[PDB]
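Let me begin by presenting the structure, written as structure tokens, before commenting on it.
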Amino acid sequence: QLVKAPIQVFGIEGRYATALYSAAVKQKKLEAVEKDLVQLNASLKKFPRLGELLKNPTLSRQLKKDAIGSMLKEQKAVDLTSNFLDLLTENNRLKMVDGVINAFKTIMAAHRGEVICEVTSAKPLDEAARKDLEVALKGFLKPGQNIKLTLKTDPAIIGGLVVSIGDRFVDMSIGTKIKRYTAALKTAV
Amino acid sequence: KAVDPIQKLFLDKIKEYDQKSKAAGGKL
Amino acid sequence: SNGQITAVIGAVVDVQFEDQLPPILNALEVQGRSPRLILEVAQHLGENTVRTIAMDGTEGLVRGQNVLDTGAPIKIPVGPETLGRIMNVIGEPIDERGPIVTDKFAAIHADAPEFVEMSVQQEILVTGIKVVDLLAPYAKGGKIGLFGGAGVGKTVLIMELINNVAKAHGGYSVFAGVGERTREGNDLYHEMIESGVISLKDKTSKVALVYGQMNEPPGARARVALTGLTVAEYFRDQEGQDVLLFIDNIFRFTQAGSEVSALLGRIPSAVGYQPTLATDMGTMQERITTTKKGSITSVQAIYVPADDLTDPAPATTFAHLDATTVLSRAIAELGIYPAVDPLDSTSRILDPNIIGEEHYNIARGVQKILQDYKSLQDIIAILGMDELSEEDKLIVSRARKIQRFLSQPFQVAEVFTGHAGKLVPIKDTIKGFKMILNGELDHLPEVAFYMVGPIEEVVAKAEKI
Amino acid sequence: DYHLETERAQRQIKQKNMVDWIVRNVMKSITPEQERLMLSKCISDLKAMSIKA
Amino acid sequence: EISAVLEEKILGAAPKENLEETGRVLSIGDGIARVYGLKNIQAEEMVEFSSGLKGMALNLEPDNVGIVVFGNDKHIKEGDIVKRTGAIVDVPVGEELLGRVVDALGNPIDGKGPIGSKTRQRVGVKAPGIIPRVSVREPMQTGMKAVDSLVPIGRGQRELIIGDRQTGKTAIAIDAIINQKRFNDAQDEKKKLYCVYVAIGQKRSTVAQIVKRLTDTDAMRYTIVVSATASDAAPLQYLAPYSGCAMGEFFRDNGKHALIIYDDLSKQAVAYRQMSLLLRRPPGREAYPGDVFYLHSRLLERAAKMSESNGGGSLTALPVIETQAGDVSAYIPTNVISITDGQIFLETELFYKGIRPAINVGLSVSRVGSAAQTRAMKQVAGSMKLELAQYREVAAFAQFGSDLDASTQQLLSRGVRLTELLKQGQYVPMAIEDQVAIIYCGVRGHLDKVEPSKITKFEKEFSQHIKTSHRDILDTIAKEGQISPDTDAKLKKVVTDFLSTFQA
Ligand SMILES: Nc1ncnc2c1ncn2[C@@H]1O[C@H](COP(=O)(O)OP(=O)(O)OP(=O)(O)O)[C@@H](O)[C@H]1O
Ligand SMILES: Nc1ncnc2c1ncn2[C@@H]1O[C@H](COP(=O)(O)OP(=O)(O)OP(=O)(O)O)[C@@H](O)[C@H]1O
Ligand SMILES: [Mg+2]
Ligand SMILES: [Mg+2]
């Protein structure tokens, strides 16, 4: 018996992430195992020598679990994350330690109900733009939801607004709108 | 019932082209 | 329990269940479909996911669509209520005559009858076709295969067998249209209602029609032969009847299995076929047999691809048949109809102790002259007829007379040929070939032997010239 | 047929000429106050679609 | 004028912006795009790429969606936006497509403007079953003497045009399209026939020359040309027979009658083999996939004659198959022969000798047969079929027959006149009354004194004399529907008068 994940994550890396999520939610360590995994991933990014050492297939797994154990005692990881990384180094699966962490981040984002929003504008703006954009994006929210907003700048769309949601997308931008109008001109008669 | 400003701009460019073409005697 | 669609690739659908997996060969029903879409479980993939084969089109299926487990394999109506009706692979009536109201149902997947339940008796089934009745006679209760390419004539031959055998038959008939023309299904259906074999007025019908044609998806074409078997198995077992089963054509069952097997993730076998070609065919063909409870006389048209008899699907079908009738394109291009190859058709009852000494000796005498003709044909082709003066020319003259006399006009081919159909008793057949073998008709022209049934019509045609 | 083909040829070159003239005139006529007005309309249309549910 | 059309096209092309469920391209190559997302997408649903290309959702997988691109895969990059169209793959259908040349998606390519169709029809509709069909009993008039007499085609039939390259397969199909002008111009709507020409894998210049031929002969008014040429992608050539079939199934399901030509299905099988091999599917015979039979069977089975409870319409298919060195025993032609209701075989040897159309009489089959031809043609072509068979048997004795019997010489002389009778020039289809009269003269012995080198000139002049001086004979034949012995005696007299007036 495994607890159903909030969203389906695919691949072998998603299988490990759902196994870790199910084990952490059967116990009461969902927030703890997320905190040390994020701190572990931040440690691996801040020290690329550790990432090259774990992904090295020449080194024996005893040296990998010792290096994992030495760098996880400082994280104060207790039982789940230590066994999770011991399982990753028992198999030849710690080459994608970034993959399982990213998949586990995706599960926990949907656990809190956060929906990723991507809004693209030609020029950055705030005050009047950001206030109404937050309310407009909040109108798509069902109860029990959070907004993860990512703002992008791109002059190739002339102007307008290219706003995307977790699965939905619109192209209300000037560049695409004049493009289909000119296409209508060429296909008029 | 507000129209698209790009559509209004496109109609203005059509009218501007038509006025300049009739002022040029039908020439390009 | 209740499952959800995980993956749709062609006719193969992957369904994931939560509590309990359905067994293999179980029938699953998709919920949000206005017509019934049936999935048949083929294998367990792990992680509580089963891989199924759809019996209809898979367009419009989304991932996560709810799938219900029926808890049983595909059950189809069986009994007297199926007589005169047309049903599809899943037993739904497609004759627009209302539902098939019956209390009897049977799963299309059943075990073949055991070794104890086998009948060893062999009796000759007289057809009225001279080449069939002489060289490869059919057994009354037994498996008959009609091998042939495209256009050599197998539907015509199997329609002539229906016209001759099934009209005067004390029992029931089942026709399984497997991957053939829907036009031919419409022609056969109206032929039955016109000949009285299907009665739309009362309950005197004698044939049940099961049709999954070449417009159907590969899942339906690979299971509709099993539906025709299940109707015929009920008549043999639960009623003790002598049943006729016409399948046209059984190659489409194997061909549709290869199309599904590409999507089942199997390593392909020889000539791109499924690895389970012989085992799937063997499971299907061993259910079509005569037991001690009842007898099934099965005639199975068998398409050969690219006119190749060494193709794995016809080659494995050869060992499943008592009598084989191989139709040749070279014979059909000579105008000889039916284009049965005399030196490639076997019967397994061509025995002196079964069909008689004179029947056996005439059949072996005919085959000996035709085999000698084939050996001499290379000299005839390059050099010419100048060979051995009297002896070899007499062999050629007799063999060409025999080849013409093997041809026969069919009653079902009378529409597009003009020649009246002939039903020839087997005594007249062996008498006719004995006259040719004895040399009593060497003076007749060989045109007189062509497309005439009895030997008295040969001499009457010669006198007419 | 000559007058029809002459009319069609003149219609085709006039259609091509007016297409490139409109494209050049639309691209060269970009104003920031109208761009902010179109940005506000895009936000309002996005807010209207969120309400429409 | 032009400004008003330009203005109304801008106002009519409203964007109608709304949020659409979208996906992201993971990997594009070999004509297959793997797309991340599209949770609620349907199987075989049409999608839109950001570049404007359409695609069909072929594989639904847990992590990705495999999409068959209807175009060149150089317009699609990894990370593009793929939008759901919300509908399974369909094309425009209707009478607005008559006179228009379109691609496999139904988009116009002849530059005559948009298509004002109000209806769309799926390209993957299953064929009609046993009950809605009925027997084929209405003639299909190709205008060819050798076809309409010896291989008669009916309405609702699938007749294969098979041969080698440059043997006249397109010539037969185009003349059949041109011939229907005499029925479409008439007021009898039951004999009206619409045409759909599907060009698969051909040259685009060849399609343009075909459209020019249809336009000059005014056969374009009732013809739809679906073009997926050799420069188009393999999915476009794969889709085009089903797109044209859907356009022809509009007429079939609405009480009208349509003729469709797939020129050619051998190139569609090559395009489908390319798609199958690029999808890593197991190759079979001649590297073809196992479902290459189901590729043509699900297509051709939609050509059917409907019952009176379904409107009485029909769809007639003329698939084209190109053989290699006259090999009809190959894999793909044997598949189509097992699907269709008979084949018309074209010989390279007859084509080299000047016999055009180079139809093999002994190897051409019409499974429908005489059930779908007129009484006058059936009564005369039955005798010609017997006489051509008699000439075929005694043709081996003409090689060395320095001295031959009078009966055998008569059979040889009659067969030569009948062989010269079936010859017919390109782009000149004949009315059924003209075909019946010419075949009747050659089969009764009227041409035994006419030299075989002057039969075609006799065909023009004697028919002209009948159409001018003896129109009462044609009126009697049209009223009776056959040939009476009294009309036989009158035709004997006017033939004797005509040959005596030409020479004496
Ligand atoms: N007994 C026969 N007498 C005369 N002609 C025949 C006979 N059998 C076959 N033919 C000819 O061959 C054609 C093919 O007929 P048929 O449909 O029986 O072939 P088939 O092997 O079933 O081919 P397919 O693969 O198309 O189903 C007929 O239409 C007819 O022209
Ligand atoms: N009856 C005829 N009279 C005169 N010319 C003819 C006749 N039939 C065909 N032709 C000519 O023969 C040539 C080949 O015919 P066609 O192009 O129709 O054959 P095809 O099978 O379509 O060849 P392809 O392989 O190019 O498709 C053409 O130039 C055509 O004009
Ligand atoms: Mg058949
Ligand atoms: Mg051609």
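Just remember, in the structure tokens the first chain shown is A, the second B, etc., residues are 1-based per chain, and ligands are 1-based in the order shown.
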(message) Taking the DSSP secondary structure from the backbone, can you list the residues of stretch 269-480 of chain E that are alpha helix (DSSP H), as a ChimeraX atom specification?
(response) /E:269-278,292-300,331-337,348-352,375-393,406-421,432-443,455-469,471-480
(request) Tell me which protein, DNA and RNA residues are within 8 Å of stretch 156-158 of chain C, counting only C-alpha atoms, leaving out same-chain ones fewer than 4 positions away, and put them as a list in words. (result) residues 162, 246, 299, 301, 338, 412 and 413 of chain C
(message) Give me the residues near residue A:124 as a PyMOL selection string, where near means some atom within 12 Å (using only C-alpha atoms) and where sequence neighbours in that chain fewer than 5 positions away do not count.
(response) (chain A and resi 119+129-130+150-155+159-161) or (chain D and resi 36+39)
Using N, CA and C atoms, can you write the selected residues to a file as a CSV table (one decimal), in the first residue's frame?
```csv
chain,number,residue,atom,x,y,z
A,119,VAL,N,4.2,34.7,-16.7
A,119,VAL,CA,3.6,35.9,-17.4
A,119,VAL,C,4.8,36.5,-18.1
A,129,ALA,N,0.6,47.5,-12.7
A,129,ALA,CA,0.6,46.3,-13.4
A,129,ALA,C,0.6,45.0,-12.5
A,130,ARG,N,1.4,45.1,-11.4
A,130,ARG,CA,1.6,43.9,-10.6
A,130,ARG,C,0.4,43.7,-9.7
A,150,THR,N,6.2,33.7,-12.1
A,150,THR,CA,7.5,34.0,-12.7
A,150,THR,C,7.3,35.0,-13.9
A,151,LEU,N,8.0,36.1,-13.8
A,151,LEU,CA,7.9,37.2,-14.8
A,151,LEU,C,9.1,37.1,-15.7
A,152,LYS,N,8.8,37.3,-17.0
A,152,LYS,CA,9.8,37.2,-18.0
A,152,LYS,C,9.8,38.4,-18.9
A,153,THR,N,10.9,38.8,-19.5
A,153,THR,CA,11.0,39.9,-20.5
A,153,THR,C,11.5,39.4,-21.8
A,154,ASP,N,10.8,39.8,-22.9
A,154,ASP,CA,11.2,39.4,-24.2
A,154,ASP,C,10.7,40.4,-25.2
A,155,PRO,N,11.6,41.1,-25.9
A,155,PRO,CA,11.2,42.1,-26.9
A,155,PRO,C,10.7,41.5,-28.2
A,159,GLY,N,4.8,43.7,-27.8
A,159,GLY,CA,4.1,44.1,-26.5
A,159,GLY,C,3.1,43.1,-26.0
A,160,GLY,N,2.0,43.5,-25.5
A,160,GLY,CA,1.0,42.6,-25.0
A,160,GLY,C,1.4,41.9,-23.8
A,161,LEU,N,0.8,40.7,-23.6
A,161,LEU,CA,1.0,39.9,-22.4
A,161,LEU,C,0.9,38.4,-22.8
D,36,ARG,N,0.8,51.0,-23.3
D,36,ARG,CA,0.3,50.8,-21.9
D,36,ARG,C,-1.2,50.6,-21.9
D,39,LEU,N,-1.7,47.1,-22.8
D,39,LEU,CA,-1.3,46.3,-21.7
D,39,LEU,C,-2.4,46.2,-20.6
```
(request) Give the residues close to ligand 2, within 7 Å, counting only C-alpha atoms and all ligand atoms; write them as a list in words. (result)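 So the residues close to ligand 2 are residues 163, 164, 165, 166, 167, 168, 169, 170, 171, 172, 356, 357, 424, 425 and 426 of chain E.
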(request) Work out how far apart atom 21 (O, counted along the ligand's line) of ligand 1 and atom CA of residue C:316 are and give it in Å to one decimal. (result) 19.3 Å
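Atom to atom, atom CA of residue E:47 and atom CA of residue C:262 stand 25.4 Å apart.
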(request) Identify all chain A residues at most 8 Å from chain D by counting only C-alpha atoms; ligands do not count. Present them as a ChimeraX atom specification. (result) /A:129,132-133,135-140,159-161,172,182,185-186
Writing out the chosen residues with C-alpha atoms as a tab-separated table (two decimals), in the first residue's frame:
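part02.tsv written:
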```tsv
chain	number	residue	atom	x	y	z
A	129	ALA	CA	0.62	46.25	-13.40
A	132	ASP	CA	-4.03	43.86	-11.11
A	133	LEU	CA	-2.02	40.87	-12.39
A	135	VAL	CA	-5.88	39.68	-8.70
A	136	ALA	CA	-6.40	38.47	-12.28
A	137	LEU	CA	-4.27	35.39	-11.61
A	138	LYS	CA	-6.07	34.80	-8.30
A	139	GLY	CA	-9.37	34.57	-10.18
A	140	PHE	CA	-8.26	31.26	-11.71
A	159	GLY	CA	4.14	44.10	-26.52
A	160	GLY	CA	0.98	42.63	-25.05
A	161	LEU	CA	1.01	39.88	-22.43
A	172	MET	CA	-2.63	37.87	-26.12
A	182	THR	CA	-1.22	39.88	-41.84
A	185	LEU	CA	-4.44	39.92	-45.38
A	186	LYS	CA	-2.49	37.45	-47.53
```
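Proximity to stretch 7-22 of chain B at 10 Å, evaluated using only C-alpha atoms and with sequence-adjacent residues fewer than 4 positions away removed, yields residues 177, 178, 181 and 182 of chain A; 3, 26, 27 and 28 of chain B; 17, 18, 19, 21, 22, 23, 24, 25, 26 and 29 of chain D; 3, 4, 6, 7, 8, 10, 11, 13 and 14 of chain E.
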(message) List as a VMD selection string the protein and nucleic acid residues lying within 8 Å of ligand 3, with only C-alpha atoms and all ligand atoms counted.
(response) (chain C and resid 150 to 151 153 to 156 180 to 181 248 to 249 301 303) or (chain E and resid 338)
(message) Restricting the calculation to only C-alpha atoms and all ligand atoms: of C:9, C:435, C:336, C:89, which residue gets closest to ligand 1?
(response)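 Of all the options, C:336 lies closest to ligand 1.
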(request) For atom CA of residue E:117 and atom CA of residue E:95, determine how far apart the two atoms are, in Å to one decimal place. (result)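 Rounded to one decimal, the two atoms are 7.7 Å apart.
Every protein, DNA or RNA residue with an atom at most 10 Å from residue C:85, where only C-alpha atoms count and chain neighbours fewer than 5 positions away do not, is listed here: residues 80, 93, 94, 95, 96, 97, 98, 99, 100, 189, 198, 199, 200, 205, 207, 208, 209 and 210 of chain C.
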(message) Show me, as a list in words, the residues that have an atom within 8 Å of residue A:149 when counting only C-alpha atoms, minus same-chain residues fewer than 4 positions from it.
(response)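 Near neighbours after the sequence-gap exclusion: residues 116, 117, 118 and 119 of chain A.
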Mind dumping a table of every chain E residue within 6 Å of chain C, with the nearest atom pair and its distance in Å to one decimal, using only C-alpha atoms, sorted by chain and rising number, as JSON lines?
```
{"residue": "E:40", "atom": "CA", "partner": "C:62", "partner_atom": "CA", "distance": 5.8}
{"residue": "E:41", "atom": "CA", "partner": "C:62", "partner_atom": "CA", "distance": 5.8}
{"residue": "E:42", "atom": "CA", "partner": "C:62", "partner_atom": "CA", "distance": 4.6}
{"residue": "E:43", "atom": "CA", "partner": "C:59", "partner_atom": "CA", "distance": 4.8}
{"residue": "E:44", "atom": "CA", "partner": "C:59", "partner_atom": "CA", "distance": 5.5}
{"residue": "E:59", "atom": "CA", "partner": "C:9", "partner_atom": "CA", "distance": 4.8}
{"residue": "E:60", "atom": "CA", "partner": "C:8", "partner_atom": "CA", "distance": 4.8}
{"residue": "E:61", "atom": "CA", "partner": "C:7", "partner_atom": "CA", "distance": 4.6}
{"residue": "E:62", "atom": "CA", "partner": "C:6", "partner_atom": "CA", "distance": 5.9}
{"residue": "E:130", "atom": "CA", "partner": "C:186", "partner_atom": "CA", "distance": 5.1}
{"residue": "E:283", "atom": "CA", "partner": "C:272", "partner_atom": "CA", "distance": 5.9}
{"residue": "E:284", "atom": "CA", "partner": "C:272", "partner_atom": "CA", "distance": 4.3}
{"residue": "E:290", "atom": "CA", "partner": "C:259", "partner_atom": "CA", "distance": 5.4}
{"residue": "E:291", "atom": "CA", "partner": "C:259", "partner_atom": "CA", "distance": 5.7}
{"residue": "E:297", "atom": "CA", "partner": "C:214", "partner_atom": "CA", "distance": 5.8}
{"residue": "E:298", "atom": "CA", "partner": "C:215", "partner_atom": "CA", "distance": 4.5}
{"residue": "E:329", "atom": "CA", "partner": "C:306", "partner_atom": "CA", "distance": 5.2}
{"residue": "E:330", "atom": "CA", "partner": "C:306", "partner_atom": "CA", "distance": 5.3}
{"residue": "E:331", "atom": "CA", "partner": "C:306", "partner_atom": "CA", "distance": 5.0}
{"residue": "E:334", "atom": "CA", "partner": "C:150", "partner_atom": "CA", "distance": 5.9}
{"residue": "E:337", "atom": "CA", "partner": "C:150", "partner_atom": "CA", "distance": 6.0}
{"residue": "E:338", "atom": "CA", "partner": "C:150", "partner_atom": "CA", "distance": 4.9}
```
List the neighbours of stretch 382-396 of chain E out to 10 Å using only C-alpha atoms; skip same-chain residues closer than 2 positions along the sequence, and give me the result as a tab-separated table (two decimals) with N, CA and C atoms, in the first residue's frame.
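Final output, saved to selection09.tsv:
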```
chain	number	residue	atom	x	y	z
C	416	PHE	N	-21.75	-14.71	-63.49
C	416	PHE	CA	-20.72	-14.03	-64.26
C	416	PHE	C	-19.98	-14.94	-65.24
C	417	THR	N	-20.47	-16.16	-65.45
C	417	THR	CA	-19.85	-17.06	-66.42
C	417	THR	C	-20.78	-17.52	-67.52
C	418	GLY	N	-22.09	-17.59	-67.26
C	418	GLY	CA	-23.05	-18.05	-68.24
C	418	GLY	C	-23.23	-19.56	-68.28
C	447	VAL	N	-11.00	-29.64	-75.94
C	447	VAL	CA	-11.96	-28.58	-75.66
C	447	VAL	C	-13.26	-29.17	-75.13
E	149	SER	N	-17.63	-2.32	-71.30
E	149	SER	CA	-18.14	-3.56	-71.87
E	149	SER	C	-17.58	-4.80	-71.19
E	150	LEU	N	-16.27	-4.86	-70.97
E	150	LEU	CA	-15.63	-6.07	-70.49
E	150	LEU	C	-15.37	-6.08	-68.99
E	361	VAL	N	-7.56	-8.13	-71.35
E	361	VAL	CA	-8.94	-8.59	-71.29
E	361	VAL	C	-9.05	-9.85	-70.44
E	362	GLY	N	-8.10	-10.77	-70.58
E	362	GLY	CA	-8.15	-12.01	-69.84
E	362	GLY	C	-7.82	-11.88	-68.37
E	370	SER	N	-22.08	-8.15	-64.73
E	370	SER	CA	-23.18	-7.64	-65.54
E	370	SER	C	-24.33	-7.08	-64.72
E	377	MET	N	-25.93	-2.81	-73.44
E	377	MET	CA	-24.50	-3.10	-73.33
E	377	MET	C	-24.27	-4.53	-72.87
E	378	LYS	N	-25.06	-5.01	-71.91
E	378	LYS	CA	-24.89	-6.37	-71.39
E	378	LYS	C	-25.19	-7.41	-72.46
E	379	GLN	N	-26.21	-7.17	-73.29
E	379	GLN	CA	-26.57	-8.12	-74.33
E	379	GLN	C	-25.48	-8.23	-75.40
E	380	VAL	N	-24.81	-7.12	-75.69
E	380	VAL	CA	-23.80	-7.13	-76.75
E	380	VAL	C	-22.43	-7.51	-76.20
E	398	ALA	N	-2.25	-18.86	-85.05
E	398	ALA	CA	-1.94	-17.83	-86.04
E	398	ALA	C	-0.44	-17.64	-86.25
E	399	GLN	N	0.39	-18.20	-85.36
E	399	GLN	CA	1.83	-18.01	-85.48
E	399	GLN	C	2.41	-18.77	-86.66
E	400	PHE	N	1.92	-19.99	-86.90
E	400	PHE	CA	2.41	-20.83	-87.99
E	400	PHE	C	1.31	-21.25	-88.95
E	401	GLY	N	0.10	-20.72	-88.80
E	401	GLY	CA	-1.02	-21.14	-89.61
E	401	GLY	C	-1.01	-20.60	-91.03
E	408	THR	N	-11.62	-21.24	-88.22
E	408	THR	CA	-10.56	-20.64	-87.42
E	408	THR	C	-10.13	-19.29	-87.99
E	409	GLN	N	-10.15	-19.16	-89.32
E	409	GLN	CA	-9.84	-17.87	-89.94
E	409	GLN	C	-10.91	-16.84	-89.62
E	410	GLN	N	-12.18	-17.26	-89.56
E	410	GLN	CA	-13.25	-16.35	-89.16
E	410	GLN	C	-13.08	-15.90	-87.72
E	411	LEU	N	-12.69	-16.82	-86.83
E	411	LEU	CA	-12.44	-16.46	-85.44
E	411	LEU	C	-11.27	-15.49	-85.32
E	412	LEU	N	-10.21	-15.71	-86.10
E	412	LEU	CA	-9.07	-14.79	-86.09
E	412	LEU	C	-9.45	-13.43	-86.66
E	413	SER	N	-10.21	-13.42	-87.76
E	413	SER	CA	-10.60	-12.16	-88.37
E	413	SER	C	-11.55	-11.37	-87.48
E	414	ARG	N	-12.48	-12.06	-86.82
E	414	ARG	CA	-13.40	-11.39	-85.91
E	414	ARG	C	-12.67	-10.82	-84.70
E	415	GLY	N	-11.72	-11.58	-84.15
E	415	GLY	CA	-10.98	-11.11	-82.99
E	415	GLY	C	-10.11	-9.90	-83.29
E	416	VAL	N	-9.57	-9.82	-84.50
E	416	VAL	CA	-8.76	-8.67	-84.89
E	416	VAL	C	-9.63	-7.42	-84.96
E	418	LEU	N	-12.43	-6.98	-83.30
E	418	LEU	CA	-12.84	-6.67	-81.94
E	418	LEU	C	-11.70	-6.05	-81.13
E	419	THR	N	-10.46	-6.47	-81.38
E	419	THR	CA	-9.32	-5.84	-80.71
E	419	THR	C	-9.13	-4.41	-81.18
E	439	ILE	N	-19.80	-1.45	-80.70
E	439	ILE	CA	-19.52	-2.84	-80.32
E	439	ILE	C	-20.48	-3.79	-81.03
E	440	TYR	N	-21.74	-3.36	-81.22
E	440	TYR	CA	-22.72	-4.20	-81.91
E	440	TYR	C	-22.34	-4.42	-83.37
E	442	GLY	N	-19.28	-4.40	-84.64
E	442	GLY	CA	-18.11	-5.26	-84.71
E	442	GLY	C	-18.37	-6.69	-84.28
E	443	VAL	N	-19.45	-6.93	-83.54
E	443	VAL	CA	-19.73	-8.26	-83.02
E	443	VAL	C	-20.72	-9.04	-83.88
E	444	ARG	N	-21.45	-8.37	-84.77
E	444	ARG	CA	-22.39	-9.03	-85.66
E	444	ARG	C	-21.78	-9.40	-87.01
```
(message) Measuring between only C-alpha atoms, which one of D:10, D:34, D:28, D:2 shows the shortest distance to chain E?
(response) D:10
Considering only C-alpha atoms and all ligand atoms, tabulate each residue of chain E that lies at most 10 Å from ligand 1 along with its nearest interatomic pair and the corresponding distance in Å to one decimal; arrange the rows by chain and ascending residue number and present them as a tab-separated table.
```
residue	atom	partner	partner_atom_place_in_ligand_line	distance
E:334	CA	ligand 1	25 (O)	7.9
E:335	CA	ligand 1	25 (O)	7.8
E:336	CA	ligand 1	26 (O)	8.3
E:337	CA	ligand 1	26 (O)	5.6
E:338	CA	ligand 1	26 (O)	3.3
E:339	CA	ligand 1	26 (O)	5.8
E:340	CA	ligand 1	26 (O)	6.8
E:341	CA	ligand 1	26 (O)	7.2
E:342	CA	ligand 1	29 (O)	6.9
E:343	CA	ligand 1	29 (O)	9.8
E:363	CA	ligand 1	31 (O)	9.2
E:364	CA	ligand 1	31 (O)	8.6
E:365	CA	ligand 1	31 (O)	5.5
E:366	CA	ligand 1	29 (O)	6.6
E:367	CA	ligand 1	29 (O)	4.3
E:368	CA	ligand 1	29 (O)	7.8
E:369	CA	ligand 1	29 (O)	8.4
```
Selection file, C-alpha atoms, as a PDB file, in the first residue's frame:
```
ATOM      1  CA  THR E 334      -2.090  -8.655 -53.709  1.00  0.00           C
ATOM      2  CA  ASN E 335      -3.440  -6.858 -50.630  1.00  0.00           C
ATOM      3  CA  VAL E 336      -5.487  -4.410 -52.706  1.00  0.00           C
ATOM      4  CA  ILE E 337      -6.747  -7.199 -54.992  1.00  0.00           C
ATOM      5  CA  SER E 338      -8.062  -8.971 -51.886  1.00  0.00           C
ATOM      6  CA  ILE E 339      -9.859  -5.737 -50.904  1.00  0.00           C
ATOM      7  CA  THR E 340     -11.370  -4.410 -54.128  1.00  0.00           C
ATOM      8  CA  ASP E 341     -14.201  -5.871 -56.226  1.00  0.00           C
ATOM      9  CA  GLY E 342     -12.029  -6.628 -59.246  1.00  0.00           C
ATOM     10  CA  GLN E 343      -9.002  -5.183 -61.021  1.00  0.00           C
ATOM     11  CA  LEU E 363      -6.700 -10.621 -66.604  1.00  0.00           C
ATOM     12  CA  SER E 364      -9.322  -7.922 -65.923  1.00  0.00           C
ATOM     13  CA  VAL E 365     -12.021  -8.911 -63.428  1.00  0.00           C
ATOM     14  CA  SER E 366     -15.220  -7.171 -62.356  1.00  0.00           C
ATOM     15  CA  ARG E 367     -16.668  -9.098 -59.412  1.00  0.00           C
ATOM     16  CA  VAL E 368     -19.946  -7.189 -59.743  1.00  0.00           C
ATOM     17  CA  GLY E 369     -20.047  -8.057 -63.434  1.00  0.00           C
TER      18      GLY E 369
END
```
Kindly determine which residues of chain A lie within 12 Å of chain C, considering only C-alpha atoms, and give the answer as a PDB file with N, CA and C atoms, in the first residue's frame.
```
ATOM      1  N   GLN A   1       0.821  -1.205   0.000  1.00  0.00           N
ATOM      2  CA  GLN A   1       0.000   0.000   0.000  1.00  0.00           C
ATOM      3  C   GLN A   1       0.858   1.259   0.000  1.00  0.00           C
ATOM      4  N   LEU A   2       0.607   2.143  -0.961  1.00  0.00           N
ATOM      5  CA  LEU A   2       1.271   3.436  -1.031  1.00  0.00           C
ATOM      6  C   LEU A   2       0.225   4.539  -1.080  1.00  0.00           C
ATOM      7  N   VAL A   3       0.553   5.676  -0.479  1.00  0.00           N
ATOM      8  CA  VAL A   3      -0.333   6.833  -0.489  1.00  0.00           C
ATOM      9  C   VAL A   3      -0.242   7.508  -1.850  1.00  0.00           C
ATOM     10  N   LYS A   4      -1.398   7.846  -2.419  1.00  0.00           N
ATOM     11  CA  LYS A   4      -1.445   8.463  -3.738  1.00  0.00           C
ATOM     12  C   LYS A   4      -0.827   9.855  -3.705  1.00  0.00           C
ATOM     13  N   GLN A   8       0.884  12.974 -10.656  1.00  0.00           N
ATOM     14  CA  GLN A   8       1.637  11.842 -11.173  1.00  0.00           C
ATOM     15  C   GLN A   8       2.972  12.315 -11.730  1.00  0.00           C
ATOM     16  N   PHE A  10       6.496  10.828 -13.577  1.00  0.00           N
ATOM     17  CA  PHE A  10       6.787   9.691 -14.432  1.00  0.00           C
ATOM     18  C   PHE A  10       8.288   9.453 -14.524  1.00  0.00           C
ATOM     19  N   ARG A  15       9.432   7.440  -9.722  1.00  0.00           N
ATOM     20  CA  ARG A  15       9.059   6.304  -8.886  1.00  0.00           C
ATOM     21  C   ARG A  15       9.727   6.385  -7.520  1.00  0.00           C
TER      22      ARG A  15
END
```
(request) Kindly indicate which residue among E:498, E:84, E:67, E:31 lies nearest to chain A, using only C-alpha atoms for the distances. (result)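 When distances to chain A are compared using only C-alpha atoms, the smallest one comes from E:84.
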